[PDB]
């Protein structure tokens, strides 16, 4: 198999410390991630923390090279480390190929998020021709409309509305107050945060003598497997065919996906991104916070767009792309902005000077 590496690994990992009322031995945690325990496996662990923040009842890890210098000083009970960093480490190491990935897996063992038991709350309204798997949970005041299908092991939070004929595949999780319109089809293991709206009618109007005329939005939405949708994110239904979200797509908070957008597998979009109608984004792309795409363009695979960029055209070459200006102190920025308005004149004058010299 060919080696893999992704530049996102460079990103600083948030610092912090979590103390839990749960406990696991180091041996139990190591077994979960296939770690070799170099030291006593019997130590109880009652939380997780980054190196400088960790105490003796917590497991830590080394993720960023910038914190390697603090490893020998950490008060952590044990540390997830590569074999190289474990060599000569004074404490207990849990030796793994990738400490951060191991931490990612272990984090779930300490999660305090509520887990609902199977069953439908007495106050939930479920249409007679809707089908809710007996292993699913449906919370208080949720509404499940005609023909909807709720798969095995799905959690539907309080106040969710699941529109007519909409489908949630096995293992899905919807926080309280998620809205699906009709004809939204979702694959397996979705995760949707509160306030998300999926399948709304987007802007579909034609101008007739100055007056906007509504176009009915009669497509739906198709979402693949292993998709994340952040808080208050909106995804429009299609005009005729479905808006399409691929497998493993991870959408942050307050994103706007317009009608008929297509997002390829394993693409990530950071918060506040807006994608205009019919834009097509390939696989393994990343859009940073606040990026906008104009409509009816295509982005090829392996494209990264930096924060607050306005993407105005199709991208056919992998790489990173940007727009905007450097931040400056306001008084300095004002001078730069004034000169930008003079650029056409400046260019003309430079050309004339070159002719003269």
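Numbering follows the first chain given and starts at 1.
Looking at mean Cα B-factors across 16 to 24 and 341 to 349, the upper value is held by 341 to 349. As listed in the deposited structure, the average C-alpha B-factor of 189 to 197 and of 169 to 177 is greater for 169 to 177.
Highest C-alpha temperature factor among 126, 231, 223, 164 per the entry: 126.
Among 252, 85, 236, 265, the highest C-alpha B-factor in the deposited entry belongs to 85.
Ranked against the other modelled residues of its chain, the C-alpha B-factor of residue 214 as given in the entry falls in the middle third. Annotation for residue 292: C-alpha temperature factor in the lowest third relative to the rest of the modelled chain, per the entry. Split the chain's modelled residues into thirds by C-alpha temperature factor. Residue 307 is in the lowest one. In this PDB entry, the Cα temperature factor of residue 76 sits in the middle third of its chain's modelled residues. Ranked by C-alpha B-factor against the other modelled residues of its chain, residue 256 falls in the lowest third.
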